[PDB]
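In what follows, every chain begins at residue 1, and chains take the letters A, B, ... in the order their sequences are listed. All values below come from the heavy atoms of this structure, side chains included, with hydrogens, waters and symmetry mates left out.
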Amino acid sequence: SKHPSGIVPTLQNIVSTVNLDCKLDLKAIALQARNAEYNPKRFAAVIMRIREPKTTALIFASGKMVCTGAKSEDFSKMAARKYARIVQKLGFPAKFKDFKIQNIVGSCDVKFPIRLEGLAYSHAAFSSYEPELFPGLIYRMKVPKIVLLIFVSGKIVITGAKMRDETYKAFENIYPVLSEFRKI
DNA sequence: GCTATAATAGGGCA
DNA sequence: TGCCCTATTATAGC
């Protein structure tokens with residue numbers, strides 16, 4: 001009823017941001033922390049990681065923080081919360097302001113090969129397929145505004161969503177098309 | 001471990 | 001001002 005295709009895209013990566021609302025001393029965090037990495041000349045953030053939920057945090061001097069790698073939105077907020085407390089314990093008056101899911105990446109397998117060239121040709125205003133550069137067809141759906149990477153194998157990557165239902169809807173919108181161009 | 005995709009954050013530079 | 005800096009993640013042919 002929500003997934004007429006019978007297939008449910010698996011969530012693979014969630015990118016979120018949160019505002020710790022306090023400037024941070026990155027050199028102090030990098031020295032005091034254990035799971036930290038800081039190379040100012042390369043990137044302006046402290047890169048930290050935890051095991052559960054398995055994620056990576058990018059902590060900036062401004063107090064802003066990016067959390068990547070989680071398998072769900074809840075897992076992403078949970079992870080972000082642990083990093084916030086890690087930073088709190090380090091001495092800073094960190095809070096958890098304006099948490100937001102910025103991107104959801106999902107993937108699935110329709111279990112049948114696809115004729116990418118024919119698909120791109122019939123949907124040129126939406127498709128970008130150049131095998132010699134990247135083996136996947138880049139499908140830029142407008143409603144919802146989502147990008148799908150369609151491979152000959154039947155495997156699909158769906159990215160750009162800020163709510164999981166967009167991920168699901170884009171896949172459901174694309175399913176009938178993939179079937180039309182099933183490789184025989 | 002590069003190719004390409006989305007999204008975020010910051011310093012640095014043409 | 002734009003854009004790459006970095007890390008994430010599925011995918012696949014090089």
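The side chain of A:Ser153 places an N or O atom within less than 4.0 Å of a non-bridging phosphate oxygen (OP1 or OP2) of C:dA12. Look at A:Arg42 and you'll find a side-chain N or O under 4.0 angstrom from OP1 or OP2 of C:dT6.
For the side chain to side chain contact (heavy atoms under 4.5 Å, CB included) test, residues two or more places apart in sequence or in another chain that qualify with A:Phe112 are A:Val110, A:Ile114, A:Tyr175, A:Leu178, A:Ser179, A:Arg182. The side chain to side chain contact (heavy atoms under 4.5 Å, CB included) search around A:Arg42 returns A:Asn39, not counting sequence neighbours.
Nucleotide C:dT6 forms a Watson-Crick or G-U wobble pair with B:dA9, both donor-acceptor distances falling under 3.5 Å.
Rounded to whole Å, atom P of B:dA6 lies 19 Å from atom CG of A:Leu11. Note: CD1 (A:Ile47) to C1' (C:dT8) measures 12 Å, nearest angstrom. Between the CG atom of A:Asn13 and the P atom of B:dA4 there is a distance of 19 Å, rounded to whole Å. Distance A:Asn103 CG to B:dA6 P: 9 Å, rounded to the nearest Å. Between A:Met163 atom CE and B:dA7 atom P there is a gap of 17 Å when expressed in whole angstrom units. Atom CZ in A:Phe171 sits roughly 18 Å away from atom P in C:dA10 (whole-Å rounding). Rounded to whole angstrom, the span from the CG atom of A:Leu148 across to the P atom of B:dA6 amounts to 11 Å. One can place CG of A:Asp109 at 14 Å from P of C:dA10, the figure rounded to the nearest angstrom.
Taking atom P in both B:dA14 and C:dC5, the straight-line distance is 15 Å, to the nearest Å. Nucleotides C:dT6 and B:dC13 are separated by 14 Å at their P atoms, to the nearest Å. Between B:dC2 and C:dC4, the distance separating the two P atoms is 16 Å to the nearest Å.
Judged by distance alone, with hydrogens and angles left aside, the side-chain atoms of A:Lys95 form no donor-acceptor pair with the main-chain N or O of A:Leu20 at under 3.5 Å. Checking side-chain atoms of A:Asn103 against main-chain N and O of A:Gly160 turns up a donor-acceptor pair under 3.5 Å.
The base of C:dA7 does not come close enough to the side chain of A:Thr56 for any donor and acceptor atom to sit less than 3.5 Å apart.
Contact annotation for A:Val147: backbone-only contact, meaning every heavy-atom pair under 4.0 Å involves sugar-phosphate atoms and none involves a base.
A heavy-atom distance below 4.0 Å to DNA chain B is reached by these residues of residues 116-144 of chain A, ordered by number: A:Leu133, A:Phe134, A:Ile138, A:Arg140.
Base orientation of B:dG11: anti, the glycosidic angle falling outside 90° of 0.
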Is there a side-chain hydrogen bond (donor to acceptor under 3.5 Å, both in side chains) between A:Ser76 and A:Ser16 once you walk through the steps?
-> CA-CA 7 Å; A:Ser76 192; A:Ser16 63; 2.8 Å; yes
Derivation of the ring pair (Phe, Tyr, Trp, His ring centres under 6.0 Å) call for A:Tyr121 and A:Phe181 = CA-CA 11 Å; A:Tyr121 183 85; A:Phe181 292 95; 9.5 Å; no
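The list of ring-ring contact (aromatic ring centres under 6.0 Å, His included) pairs with a residue in residues 49-91 of chain A, not counting sequence neighbours, reads A:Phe43-A:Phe60. Within the structure, no pair that satisfies the salt bridge (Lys or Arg N to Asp or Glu O under 4.0 Å) test touches residues 104-120 of chain A, not counting sequence neighbours.
Under the 30°/60° scheme for interplanar angles, the aromatic rings of A:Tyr168 and A:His3 are found to stand perpendicular.
Using a 4.5 Å heavy-atom cutoff, the side chains of A:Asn13 and A:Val15 are in contact.
Sugar pucker of B:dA7: north, as indicated by a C1'-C2'-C3'-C4' torsion of positive sign. Using the sign of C1'-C2'-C3'-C4' as the criterion, C:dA7 is classed as a south pucker. On the basis of its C1'-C2'-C3'-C4' angle being negative, C:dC4 carries a south sugar.
Contact detail for A:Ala30 and A:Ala36: the closest heavy-atom pair is CA-CB, 4.2 Å.
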Can you tabulate the close N/O pairs, meaning under 3.5 Å, that link protein atoms to atoms of nucleotides 8-14 of chain B?
{"from": "B:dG10", "atom 1": "OP1", "to": "A:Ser62", "atom 2": "OG", "distance (Å)": "2.7"}

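In this strand, C:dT11 does not stack on its neighbour C:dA12 by the test of ring centres under 5.5 angstrom and planes under 30 degrees.
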